[PDB]
C-alpha cells in the first residue's frame, strides 16, 4: 500500500505547507503533489530529502487532472466526513491511495470523505493520524541513503553523520 498526498489551496501558508509535506514524508508517504509552486517550500522539502535520505518527492500538478486519472483509492481528509475507523479496513485494502488535504467538487471526485474527529483543528494533525493508522510506519522509518541520522536518548541530542 502506497500513499500520496495532494496539497490543495496553498497561498504565500509557507510554514504549514512545509509542515504538511515533511509530515507526509516522515510518516510513510511516497511523495506529495501541490496545486501550485512556490519554490520556497519545494526547496525546504528538497533540502531535508538530501540531508535525511530517501526519495520522497514534491511537485506541482493540475489538481483536478490528478484527481481524475489516479488510479487507486482517493481520500479526502475533512471535518465533515466519515470517521476514519469506519472506513479503515476498506482504506487498507487499497494498493494505492491519494490523500487530499486542503472546493465543492473535491467532495465529489474523491472516493471517500474521511474525518479525524469532528472538531476544528489542523490538516497537519489530520494527516499525521491518517498516515499513522493507515501505514503504521512513523516509528520504524529510516533511510539507508541518509547523511544525518538521529539515535534516540533519555535527555541528549545524539546524531550520526
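Positions refer to the first chain, counted from 1.
Report, from the record, the number of residues in the deposited sequence between residue 152 and residue 153 that have no coordinates, as none, 1 to 3, 4 to 9, or 10 or more. Missing residues, residue 152 to residue 153: none.
According to the entry, how many residues of the deposited sequence fall between residue 136 and residue 137 and are not modelled? Options: none, 1 to 3, 4 to 9, 10 or more. Unresolved stretch here: none.
Where do the C-alpha atoms have the higher mean temperature factor in this entry, in 56 to 64 or in 127 to 135? Comparing 56 to 64 with 127 to 135, the higher mean C-alpha B-factor belongs to 56 to 64.
Tell me which of 117 to 125 and 104 to 112 has the higher mean C-alpha B-factor in the deposited entry. The stretch with the larger mean CA B-factor is 104 to 112.
Taking the entry's C-alpha B-factors for this chain, is residue 42 in the lowest, middle or highest third? Highest third.
Lowest, middle or highest third: which one holds residue 29 when the chain's residues are ordered by CA B-factor from the entry? For residue 29, the deposited C-alpha B-factor lands in the lowest third.
Rank-wise, by C-alpha B-factor, drop residue 85 into the lowest, middle or highest third of its chain. As the PDB entry reports it, the C-alpha B-factor of residue 85 lands in the middle third of its chain.
How does residue 48 rank on Cα B-factor within its chain, lowest, middle or highest third? Middle third by C-alpha B-factor.
Residue 16 by Cα B-factor - lowest, middle or highest third of the modelled chain: For residue 16, the deposited C-alpha B-factor lands in the middle third.
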